[PDB]
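Participant: pasting an experimental structure, sequence included:
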Amino acid sequence: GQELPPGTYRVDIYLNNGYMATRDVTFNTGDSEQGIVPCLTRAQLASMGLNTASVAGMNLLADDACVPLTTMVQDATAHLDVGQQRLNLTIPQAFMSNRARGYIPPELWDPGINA
């Protein structure tokens, strides 16, 4: 048991040990080891390459709505390396694609980009 959301942080975002993006990230009490989960949406997840149309649920949410990762999808995960300032995400091939029935870049979701 741990918890420490300071209310947004800026990190290098990482998925399946590949790099993704370098943007601000909001993360808050939910359900993980630190309690805290990142806010990630069907837009943003599909930039990384999550098949929002595979998970029989996210395709019924909004284009930018907060969507879980360890929950919506099976065996995907999200962790904060607060030692190294890095967002560690995991997603199996069973739910990976870019096609989001929507999709929005990080310039149009802008959570607190040095703001």
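Facilitator: In hand now; what should we look at? Numbering: from 1, shown residues only.

Participant: now do the helices in the chain.
Facilitator: Ranges of helices in the chain, per DSSP state H, are 42-48.

Participant: name the residue closest to the centre of it, please.
Facilitator: In the chain, the C-alpha nearest the mean C-alpha coordinate belongs to residue 40, at 3.5 Å (C-alpha atoms, centre = their mean).

Participant: OK, contacts around that residue?
Facilitator: 66-67, 69, 78, 89 (C-beta atoms under 8 Å, 6 or more residues apart in numbering). No exception for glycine: its C-beta is placed from N, CA and C like everyone else's.

Participant: quick one: which of those is nearest residue 44?
Facilitator: Distance to residue 44, by C-beta to C-beta, is smallest for residue 67 among the contacts of residue 40, at 9.2 Å.

Participant: looks like the closest one contacts residue 58 (just checking).
Facilitator: Yes: if you go by C-beta atoms under 8 Å, residue 67 and residue 58 touch, sitting 5.3 Å apart.

Participant: can you pull the residues that touch both of those two?
Facilitator: 42, 45, 52.

Participant: for the last one, give its distance to residue 42.
Facilitator: Counting by C-beta to C-beta, to the nearest Å, the gap between residue 52 and residue 42 amounts to 4 Å.

Participant: equivalent analysis for residue 35, please.
Facilitator: 23 Å.

Participant: which one of the two has more residues nearby?
Facilitator: Using other C-beta atoms under 10 Å, the more surrounded residue of residue 35 and residue 42 is residue 42, with 25 against 15.

Participant: now do the contacts for that one.
Facilitator: 50, 52, 58-59, 61-65, 67, 100-103.

Participant: follow-up on the earlier one: which of the shared contacts of residue 67 and residue 58 lies closest to residue 3?
Facilitator: residue 45 (23.4 Å).
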